């Protein structure tokens, strides 16, 4: 599907993704105003060949994905400036859980329904042989009080049929506070590594995305802020010692133990996303 830049009317910027900025546009070819609202992700004009090859890969990944709990790909727009493609996706009206939750006190049952929906979208992604590599409350978009969607595939990679992991590189933009120890130490990203990040995302939802309770805040309190180039090493060490993010207030102990199971140091001891679906359906049922 192809969108024309001449019909895209910019409303406002939505935020910064991984390779570039996301903006809210009205695609109005009739010029009346009845045009559909679209979220357009664009690659920065000054970006090198390293980001350009990754951006094209992000587009191809989202184009091949079709799930009710994954952001709907709408099409691409020919960006004459920057000589690249603009990723046109659906506008998810309520936005990110990182932005929504601190302003809207959402009940425990709805938060568990969101976690269940995340696992549903993630089991699909894993069945398609892809790893997300950036599962966080910031990347989970809210369509309505009962529907959630995974939104940023900038770090998403395809795991080859024979392999069970993807070898990652030393990057400053890596979401380390959402990463399993094997990612930090051995630079390997398994399907089980996305389950660690889910556990962290579940923690964020149960804290209502309170920035003072956030994973970078809580981990840096244990590490310290004057550790030179050793923040990640110190993070790897505390996780190896069995230290974890604390139990959020009003979080049921059962739910916290499920979180701790998503955070097993041993990747094989962790549940798959397919294992978490009937578990979270039952837990949501208990609290509804």
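Numbering follows the first chain given and starts at 1.
As recorded in the PDB entry, 32-40 is the stretch of 238-246 and 32-40 with the greater mean C-alpha temperature factor.
When the C-alpha B-factors of 183-191 and 73-81 are averaged, 73-81 comes out higher. You'll see in the entry that, of 210, 164, 90, 143, the Cα B factor peaks at 164.
The entry lists C-alpha B-factors for 262, 45, 226, 255, and the highest of these is at 45. Looking at the C-alpha B-factors along this chain, the one for residue 20 belongs to the highest third. Per the PDB record, residue ranking by Cα B-factor puts residue 126 in the middle third of the chain. Ranked against the other modelled residues of its chain, the C-alpha B-factor of residue 270 as given in the entry falls in the lowest third. Annotation for residue 148: C-alpha temperature factor in the middle third relative to the rest of the modelled chain, per the entry.
Sort the chain's modelled residues by C-alpha temperature factor and residue 105 lands in the highest third, per the entry.
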